[PDB]
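*Asks:* Structure in structure tokens, see below.
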Amino acid sequence: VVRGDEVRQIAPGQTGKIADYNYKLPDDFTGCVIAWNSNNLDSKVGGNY
Amino acid sequence: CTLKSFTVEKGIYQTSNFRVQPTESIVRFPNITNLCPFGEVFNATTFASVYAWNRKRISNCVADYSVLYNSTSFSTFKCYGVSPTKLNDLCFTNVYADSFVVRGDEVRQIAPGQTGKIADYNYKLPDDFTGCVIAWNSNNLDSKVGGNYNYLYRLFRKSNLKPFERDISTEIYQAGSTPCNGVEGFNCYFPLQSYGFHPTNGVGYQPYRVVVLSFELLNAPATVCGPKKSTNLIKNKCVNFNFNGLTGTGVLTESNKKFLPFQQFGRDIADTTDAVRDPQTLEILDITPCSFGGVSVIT
Amino acid sequence: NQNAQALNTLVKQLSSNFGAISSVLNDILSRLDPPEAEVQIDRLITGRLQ
Amino acid sequence: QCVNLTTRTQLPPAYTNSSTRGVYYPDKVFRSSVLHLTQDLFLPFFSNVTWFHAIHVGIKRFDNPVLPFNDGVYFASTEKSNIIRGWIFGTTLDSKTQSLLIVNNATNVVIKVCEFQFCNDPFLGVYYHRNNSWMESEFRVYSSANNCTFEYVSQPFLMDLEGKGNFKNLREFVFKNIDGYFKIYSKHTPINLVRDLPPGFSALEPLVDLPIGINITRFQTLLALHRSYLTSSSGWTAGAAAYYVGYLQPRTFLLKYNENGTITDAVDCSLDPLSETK
Ligand SMILES: CCCCC/C=C\C/C=C\CCCCCCCC(=O)O
Ligand SMILES: CCCCC/C=C\C/C=C\CCCCCCCC(=O)O
Ligand SMILES: *[C@@H]1O[C@H](CO)[C@@H](O)[C@H](O)[C@H]1NC(C)=O
Ligand SMILES: *[C@@H]1O[C@H](CO)[C@@H](O)[C@H](O)[C@H]1NC(C)=O
Ligand SMILES: *[C@@H]1O[C@H](CO)[C@@H](O)[C@H](O)[C@H]1NC(C)=O
Ligand SMILES: *[C@@H]1O[C@H](CO)[C@@H](O)[C@H](O)[C@H]1NC(C)=O
Ligand SMILES: *[C@@H]1O[C@H](CO)[C@@H](O)[C@H](O)[C@H]1NC(C)=O
Ligand SMILES: *[C@@H]1O[C@H](CO)[C@@H](O)[C@H](O)[C@H]1NC(C)=O
Ligand SMILES: *[C@@H]1O[C@H](CO)[C@@H](O)[C@H](O)[C@H]1NC(C)=O
Ligand SMILES: *[C@@H]1O[C@H](CO)[C@@H](O)[C@H](O)[C@H]1NC(C)=O
Ligand SMILES: *[C@@H]1O[C@H](CO)[C@@H](O)[C@H](O)[C@H]1NC(C)=O
Ligand SMILES: *[C@@H]1O[C@H](CO)[C@@H](O)[C@H](O)[C@H]1NC(C)=O
Ligand SMILES: *[C@@H]1O[C@H](CO)[C@@H](O)[C@H](O)[C@H]1NC(C)=O
């Protein structure tokens with residue numbers, strides 16, 4: 001689970017905190033990347049931490 | 001291996017030219033210590049309107065963006081002339097910073113080879129562009145309950161805009177053939193219109209802050225360099241050198257030639273870099289390949 | 001003179017980029033990631049082989 | 001505050017051919033002992049060049065008109081009394097748009113971009129006090145100030161103002177306005193020719209690259225006039241000055257690089273059949 005605007009970093013040849021310290025994809029990658037909003041399930045009124 | 005067989009007959013068998021292994025490596029960067037003013041440009045309280053964009057020169061910097069990972073999240077970061085991964089092992093020459101405010105859904109027009117009102121009347125990028133375009137949502141700072149009307153854009157013009165051009169003329173635009181004579185009549189319109197920002201608008205209408213960086217990579221002496229530590233210069237042996245981002249392999253030596261004040265490195269007939277000027281010490285050094293001479297195996 | 005001229009022009013051919021961004025490998029490798037730079041490397045390789 | 005000057009003689013100007021002028025470095029990469037062929041904006045050899053002049057006597061004249069600016073011009077000024085000061089660039093020069101001003105008052109060169117309101121006859125005055133010294137008063141080039149986005153003033157200096165029998169400076173400049181930049185190339189070669197343009201070969205080096213980001217179609221030149229006691233018509237005599245203007249065209253040249261790393265010879269690919277086969 002990542003932030004809404006950080007789905008762009010899940011791709012080969014990309015920089016950022018997610019693609020440097022959290023999860024890195026290889027340069028020669030075969031597969032698909034799937035993402036979808038989950039605000040209804042992963043959010044709470046008091047703040048999900 | 002060269003013959004691609006397990007049996008060799010008599011002959012001279014001129015094999016591949018011999019090579020020398022460059023067991024060591026060096027890194028040489030200019031003497032820059034103070035970090036770049038990211039807070040001044042990114043964390044500015046106010047941002048100029050799109051039509052009158054503000055250009056700021058940046059020099060004597062250490063372009064370390066690692067301090068930005070906790071401050072701001074960017075919804076768009078696209079680089080054109082340079083790979084984003086290789087942005088830490090380079091020295092930049094003549095960087096510039098441009099900033100303005102546009103709508104949520106017009107960020108797509110800040111790119112080469114694009115059309116629209118922004119790309120025709122407000123701010124146009126050159127076809128041959130090297131740099132990065134950074135934008136991030138700013139609905140919290142650039143919106144008010146009563147409507148923020150501080151930002152304006154141009155709606156009418158007599159022609160398109162050449163790359164990296166500005167126009168702040170407020171003359172009355174004439175839509176028909178009847179002369180306007182300054183009077184805002186039927187066919188006369190005010191060239192620049194106003195933006196309307198509300199905290200409850202849709203995501204396509206929230207204000208977006210845009211920062212664009214343009215630079216030259218190799219040509220001319222550089223002043224903005226990334227976070228790479230410099231090592232001592234090694235002479236007269238093969239080393240994987242790194243002189244302001246130009247990576248190669250060769251043997252350094254003293255050079256009699258002297259460069260002009262505005263030149264950094266020279267090229268031979270083969271258009272390869274044979275001579276370079278060290279950034280730490282204003283000295284001239286020559287680069288030569290480590291392999292020279294043929295070898296043949298008689299058997 | 002014919003042999004010398006042929007060798008000289010073969011040496012001189014190295015200064016032309018066969019549609020790539022630059023005519024040297026070091027600059028391409030320094031400016032671009034491997035998977036993208038491979039295209040320009042292939043272009044230069046094909047030109048020099050021809 | 002500026003007032004149009006009167007009592008100037010009327011006569012069409014003359015024409016001159018720049019032999020081998022207008023060659024400048026194409027980039028910032030060192031080269032040596034090579035024959036590099038490049039294509040860019042250049043001044044064609046033996047091109048028509050208008051010849052203006054400022055001189056005292058019924059032949060007193062200034063000749064500082066609004067010359068057109070066609071995708072880069074070549075400017076070469078020769079004098080001995082620092083009469084030539086600077087230029088102004090813009091579209092209409094009537095405060096409706098922005099215009100670039102380059103001038104040194106007497107002690108520091110000033111570069112500004114603003115919505116200036118110029119007048120018909122911009123000039124700078126010089127006063128020759130006889131008891132002791134030239135003060136250089138009367139700074140009345142424009143009439144109003146505006147937003148003034150760009151600004152740059154150099155460190156103060158000083159320079160002579162009299163310097164008066166043959167010309168000794170031959171200062172050349174090249175202006176280009178491409179992709180929002182204003183490139184300037186300059187060179188300074190001392191000479192001793194009396195009243196003409198000295199033929200020869202000169203290579204120009206880059207000076208500054210201003211990100212002005214405006215639109216330029218027309219330009220002028222600022223002249224300095226000195227009056228002491230000669231009677232709008234207050235004896236605005238000019239000592240000696242002349243300048244030559246050429247227009248750049250897209251051409252192909254064969255630059256030659258010396259052993260040291262300097263350009264010493266050029267060959268046009270469209271001058272004549274012999275140069276074409278060269
Ligand atoms: C003020 C900068 C002046 C120019 C510096 C030159 C080169 C450095 C290049 C880019 C730094 C800015 C973009 C940082 C991207 C971080 C991405 C993220 O955090 O997701
Ligand atoms: C009704 C159209 C009939 C077909 C016309 C054919 C070709 C013209 C093509 C495109 C015009 C419509 C798209 C305009 C995009 C403007 C972008 C913007 O405003 O940001
Ligand atoms: C740059 O730094 C190095 C090492 O700190 C030093 O030896 C050198 O003198 C410095 N250069 C200048 C111009 O001070
Ligand atoms: C940086 O920006 C954040 C939010 O925009 C703000 O809270 C903080 O005070 C700013 N810091 C500086 C040094 O401007
Ligand atoms: C990072 O940001 C968070 C914001 O909640 C702050 O609490 C924390 O102190 C910051 N840490 C650093 C190292 O800036
Ligand atoms: C520059 O100004 C001229 C005025 O002479 C105008 O005709 C031209 O359209 C302008 N350039 C652009 C790109 O609009
Ligand atoms: C100079 O001439 C112009 C046009 O001829 C005129 O508008 C202007 O008023 C004149 N200058 C002065 C100081 O009157
Ligand atoms: C070019 O110069 C020649 C010789 O002085 C002259 O006859 C001709 O009229 C000039 N042409 C133009 C357009 O000025
Ligand atoms: C141009 O002038 C030069 C010098 O006076 C002269 O040598 C040349 O022949 C002239 N060219 C033409 C076409 O008149
Ligand atoms: C020219 O301008 C500078 C400031 O840009 C000013 O200090 C100087 O006094 C001016 N020249 C004269 C002669 O006043
Ligand atoms: C020369 O004398 C005039 C008149 O007394 C005075 O205004 C000026 O400042 C003097 N200049 C010098 C350099 O002494
Ligand atoms: C320039 O100044 C005028 C006031 O004279 C103002 O109306 C206009 O918005 C300003 N434009 C810019 C780009 O600063
Ligand atoms: C150009 O090269 C020659 C060759 O020795 C040398 O004597 C001369 O000094 C060089 N030019 C300059 C300006 O140093």
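Chain labels run A, B, ... following the order of the structure tokens; each chain numbers its residues from 1, and ligands are numbered from 1 in the order shown.
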Name the residues in contact with residue 178 in chain D at a cut-off of 10 Å, using only C-alpha atoms, excluding same-chain residues fewer than 5 positions from it; report them as a PDB file with C-alpha atoms, in the first residue's frame.
*Replies:*
ATOM      1  CA  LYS B 162       8.333  31.128 -29.586  1.00  0.00           C
ATOM      2  CA  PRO B 163      10.060  28.865 -27.042  1.00  0.00           C
ATOM      3  CA  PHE B 164      11.058  30.452 -23.724  1.00  0.00           C
TER       4      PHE B 164
ATOM      5  CA  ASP D  71      17.428  37.182 -37.089  1.00  0.00           C
ATOM      6  CA  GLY D  72      20.760  38.507 -35.873  1.00  0.00           C
ATOM      7  CA  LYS D 183      23.913  35.756 -27.237  1.00  0.00           C
ATOM      8  CA  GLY D 213      13.089  36.154 -23.247  1.00  0.00           C
ATOM      9  CA  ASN D 215      10.763  39.580 -29.018  1.00  0.00           C
TER      10      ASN D 215
END
*Asks:* When you look at range 13-26 of chain C with a cut-off of 10 Å (counting only C-alpha atoms), what residues show up, excluding the ones that are within fewer than 6 positions of it in the same chain? I need them as a list in words.
*Replies:*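 My reading of the contact set: residues 81, 245, 246, 247, 248, 249, 268, 269, 270, 271, 272 and 273 of chain B; 37, 39, 40, 41, 42, 43, 44, 45, 46, 47 and 48 of chain C.
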*Asks:* Residues within 9 Å of ligand 5 (only C-alpha atoms and all ligand atoms), as a list in words?
*Replies:*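 Listing the residues within 9 Å of ligand 5 gives residues 67, 68, 69, 70 and 71 of chain B.
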*Asks:* Please write the residues from the selection above to a file, keeping C-alpha atoms, as a PDB file, in the first residue's frame.
*Replies:*
ATOM      1  CA  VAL B  67      16.235  16.416   1.780  1.00  0.00           C
ATOM      2  CA  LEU B  68      12.974  16.788  -0.170  1.00  0.00           C
ATOM      3  CA  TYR B  69      11.631  13.284   0.493  1.00  0.00           C
ATOM      4  CA  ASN B  70       9.969  14.349   3.762  1.00  0.00           C
ATOM      5  CA  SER B  71       8.767  17.818   2.720  1.00  0.00           C
TER       6      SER B  71
END
*Asks:* For range 184-196 of chain D, find every residue with an atom within 10 Å (counting only C-alpha atoms), except residues of its own chain fewer than 2 positions away, and show them as number ranges by chain.
*Replies:* D: 16, 22-25, 51, 74-76, 78-79, 165-177, 181-182, 198-199, 202-210, 240-243
*Asks:* Write as a ChimeraX atom specification the residues around ligand 2, taking 12 Å as the cut-off and counting only C-alpha atoms and all ligand atoms.
*Replies:* /B:103,105-110,114-121,155
*Asks:* Taking the DSSP assignment computed from this structure's backbone, write out as a list in words all residues of range 197-231 of chain B that belong to strand (DSSP E).
*Replies:*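 Here is the list: residues 208, 209, 210, 211, 212, 213, 214, 224 and 225 of chain B.
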*Asks:* Around ligand 10, at most 8 Å away and counting only C-alpha atoms and all ligand atoms, which residues are there? Put them as a PyMOL selection string, please.
*Replies:* chain D and resi 104-110+135-137+139+153+156
*Asks:* Kindly save the residues from that selection, with N, CA and C atoms included, as a PDB file, in the first residue's frame.
*Replies:*
ATOM      1  N   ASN D 104      26.649  52.047 -21.031  1.00  0.00           N
ATOM      2  CA  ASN D 104      27.506  52.432 -19.919  1.00  0.00           C
ATOM      3  C   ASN D 104      27.420  53.941 -19.750  1.00  0.00           C
ATOM      4  N   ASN D 105      27.032  54.390 -18.556  1.00  0.00           N
ATOM      5  CA  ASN D 105      26.862  55.820 -18.345  1.00  0.00           C
ATOM      6  C   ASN D 105      28.181  56.547 -18.553  1.00  0.00           C
ATOM      7  N   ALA D 106      29.078  56.426 -17.580  1.00  0.00           N
ATOM      8  CA  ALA D 106      30.509  56.636 -17.769  1.00  0.00           C
ATOM      9  C   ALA D 106      31.354  55.682 -16.950  1.00  0.00           C
ATOM     10  N   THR D 107      30.774  55.000 -15.963  1.00  0.00           N
ATOM     11  CA  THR D 107      31.523  54.267 -14.960  1.00  0.00           C
ATOM     12  C   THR D 107      31.082  52.823 -14.791  1.00  0.00           C
ATOM     13  N   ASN D 108      29.974  52.408 -15.403  1.00  0.00           N
ATOM     14  CA  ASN D 108      29.473  51.050 -15.236  1.00  0.00           C
ATOM     15  C   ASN D 108      28.446  50.766 -16.319  1.00  0.00           C
ATOM     16  N   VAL D 109      28.590  49.624 -16.989  1.00  0.00           N
ATOM     17  CA  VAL D 109      27.640  49.239 -18.024  1.00  0.00           C
ATOM     18  C   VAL D 109      26.345  48.775 -17.370  1.00  0.00           C
ATOM     19  N   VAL D 110      25.217  49.233 -17.906  1.00  0.00           N
ATOM     20  CA  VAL D 110      23.900  48.952 -17.350  1.00  0.00           C
ATOM     21  C   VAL D 110      23.099  48.166 -18.376  1.00  0.00           C
ATOM     22  N   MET D 135      32.566  66.080 -18.084  1.00  0.00           N
ATOM     23  CA  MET D 135      31.673  65.614 -17.026  1.00  0.00           C
ATOM     24  C   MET D 135      30.677  64.564 -17.503  1.00  0.00           C
ATOM     25  N   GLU D 136      30.286  64.601 -18.777  1.00  0.00           N
ATOM     26  CA  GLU D 136      29.321  63.657 -19.346  1.00  0.00           C
ATOM     27  C   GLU D 136      27.983  63.745 -18.594  1.00  0.00           C
ATOM     28  N   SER D 137      27.315  64.872 -18.815  1.00  0.00           N
ATOM     29  CA  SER D 137      25.992  65.101 -18.251  1.00  0.00           C
ATOM     30  C   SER D 137      24.915  64.629 -19.231  1.00  0.00           C
ATOM     31  N   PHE D 139      21.886  62.603 -19.283  1.00  0.00           N
ATOM     32  CA  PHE D 139      21.453  61.221 -19.501  1.00  0.00           C
ATOM     33  C   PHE D 139      19.946  61.226 -19.733  1.00  0.00           C
ATOM     34  N   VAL D 153      23.957  45.588 -13.270  1.00  0.00           N
ATOM     35  CA  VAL D 153      24.878  46.718 -13.320  1.00  0.00           C
ATOM     36  C   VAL D 153      26.255  46.229 -12.896  1.00  0.00           C
ATOM     37  N   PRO D 156      31.748  49.651 -10.627  1.00  0.00           N
ATOM     38  CA  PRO D 156      32.186  50.961 -11.126  1.00  0.00           C
ATOM     39  C   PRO D 156      33.619  50.933 -11.640  1.00  0.00           C
TER      40      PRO D 156
END
*Asks:* For ligand 7, return the neighbouring residues as JSON, numbers by chain (distance at most 8 Å; only C-alpha atoms and all ligand atoms).
*Replies:* {"D": [1, 2, 3, 4, 119, 120, 121]}
*Asks:* Residues at most 8 Å from ligand 8, using only C-alpha atoms and all ligand atoms? Could they come as a VMD selection string?
*Replies:* chain D and resid 14 to 17 47 to 50
*Asks:* Set the cut-off to 10 Å, count only C-alpha atoms and all ligand atoms, and list whatever residues fall near ligand 12 as a list in words.
*Replies:*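 Counting only C-alpha atoms and all ligand atoms, the residues within 10 Å of ligand 12 come out as residues 48, 49, 51, 52, 53, 54, 152, 166, 167, 168, 169 and 170 of chain B; 114, 115, 145, 146, 147, 148 and 149 of chain D.
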*Asks:* If you keep N, CA and C atoms, can you produce a file of those selected residues as a PDB file, in the first residue's frame?
*Replies:*
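Output below, filename selection14.pdb:
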ATOM      1  N   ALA B  48       4.382  33.306  -8.925  1.00  0.00           N
ATOM      2  CA  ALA B  48       3.965  34.249  -9.948  1.00  0.00           C
ATOM      3  C   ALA B  48       2.905  33.632 -10.857  1.00  0.00           C
ATOM      4  N   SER B  49       2.169  34.502 -11.543  1.00  0.00           N
ATOM      5  CA  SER B  49       1.161  34.055 -12.489  1.00  0.00           C
ATOM      6  C   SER B  49       1.815  33.337 -13.664  1.00  0.00           C
ATOM      7  N   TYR B  51       1.367  33.606 -17.011  1.00  0.00           N
ATOM      8  CA  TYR B  51       1.795  34.371 -18.179  1.00  0.00           C
ATOM      9  C   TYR B  51       3.103  35.107 -17.915  1.00  0.00           C
ATOM     10  N   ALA B  52       3.255  35.687 -16.729  1.00  0.00           N
ATOM     11  CA  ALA B  52       4.493  36.359 -16.339  1.00  0.00           C
ATOM     12  C   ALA B  52       5.336  35.455 -15.442  1.00  0.00           C
ATOM     13  N   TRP B  53       5.803  34.349 -16.013  1.00  0.00           N
ATOM     14  CA  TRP B  53       6.564  33.381 -15.237  1.00  0.00           C
ATOM     15  C   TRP B  53       7.897  33.972 -14.794  1.00  0.00           C
ATOM     16  N   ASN B  54       8.374  33.505 -13.644  1.00  0.00           N
ATOM     17  CA  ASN B  54       9.566  34.045 -13.005  1.00  0.00           C
ATOM     18  C   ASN B  54      10.734  33.089 -13.197  1.00  0.00           C
ATOM     19  N   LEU B 152      -3.626  35.010 -13.103  1.00  0.00           N
ATOM     20  CA  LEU B 152      -4.217  35.351 -14.387  1.00  0.00           C
ATOM     21  C   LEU B 152      -3.489  34.620 -15.504  1.00  0.00           C
ATOM     22  N   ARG B 166       8.264  35.541 -23.219  1.00  0.00           N
ATOM     23  CA  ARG B 166       7.368  36.162 -22.256  1.00  0.00           C
ATOM     24  C   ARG B 166       6.665  37.338 -22.915  1.00  0.00           C
ATOM     25  N   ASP B 167       5.435  37.605 -22.485  1.00  0.00           N
ATOM     26  CA  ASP B 167       4.656  38.711 -23.032  1.00  0.00           C
ATOM     27  C   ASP B 167       3.714  39.220 -21.954  1.00  0.00           C
ATOM     28  N   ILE B 168       3.914  40.463 -21.525  1.00  0.00           N
ATOM     29  CA  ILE B 168       3.102  41.067 -20.479  1.00  0.00           C
ATOM     30  C   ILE B 168       2.301  42.256 -21.007  1.00  0.00           C
ATOM     31  N   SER B 169       2.186  42.383 -22.325  1.00  0.00           N
ATOM     32  CA  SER B 169       1.373  43.444 -22.899  1.00  0.00           C
ATOM     33  C   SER B 169      -0.098  43.208 -22.583  1.00  0.00           C
ATOM     34  N   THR B 170      -0.802  44.285 -22.241  1.00  0.00           N
ATOM     35  CA  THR B 170      -2.211  44.223 -21.873  1.00  0.00           C
ATOM     36  C   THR B 170      -3.096  44.961 -22.873  1.00  0.00           C
TER      37      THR B 170
ATOM     38  N   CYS D 114      12.741  46.331 -19.669  1.00  0.00           N
ATOM     39  CA  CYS D 114      11.643  47.081 -19.079  1.00  0.00           C
ATOM     40  C   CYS D 114      10.744  47.601 -20.189  1.00  0.00           C
ATOM     41  N   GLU D 115       9.633  48.211 -19.781  1.00  0.00           N
ATOM     42  CA  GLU D 115       8.709  48.847 -20.719  1.00  0.00           C
ATOM     43  C   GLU D 115       9.064  50.327 -20.880  1.00  0.00           C
ATOM     44  N   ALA D 145       9.991  54.771 -16.429  1.00  0.00           N
ATOM     45  CA  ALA D 145      10.378  53.463 -15.929  1.00  0.00           C
ATOM     46  C   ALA D 145       9.134  52.614 -15.702  1.00  0.00           C
ATOM     47  N   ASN D 146       9.349  51.312 -15.566  1.00  0.00           N
ATOM     48  CA  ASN D 146       8.251  50.357 -15.484  1.00  0.00           C
ATOM     49  C   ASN D 146       8.703  49.169 -14.639  1.00  0.00           C
ATOM     50  N   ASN D 147       8.012  48.037 -14.802  1.00  0.00           N
ATOM     51  CA  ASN D 147       8.225  46.867 -13.952  1.00  0.00           C
ATOM     52  C   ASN D 147       9.696  46.467 -13.870  1.00  0.00           C
ATOM     53  N   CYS D 148      10.391  46.443 -15.010  1.00  0.00           N
ATOM     54  CA  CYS D 148      11.837  46.207 -15.063  1.00  0.00           C
ATOM     55  C   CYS D 148      12.202  44.852 -14.445  1.00  0.00           C
ATOM     56  N   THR D 149      11.762  43.797 -15.136  1.00  0.00           N
ATOM     57  CA  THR D 149      11.984  42.436 -14.653  1.00  0.00           C
ATOM     58  C   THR D 149      13.471  42.121 -14.519  1.00  0.00           C
TER      59      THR D 149
END
*Asks:* Please indicate the distance in Å from CA of residue 11 in chain B to CA of residue 292 in chain B, rounded to one decimal place.
*Replies:*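 According to the coordinates, CA of residue 11 in chain B and CA of residue 292 in chain B are separated by 23.2 Å.
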*Asks:* Please identify all protein, DNA and RNA residues within 12 Å of ligand 3, counting only C-alpha atoms and all ligand atoms, and report them as number ranges by chain.
*Replies:* B: 28-33, 229-233, 278-283
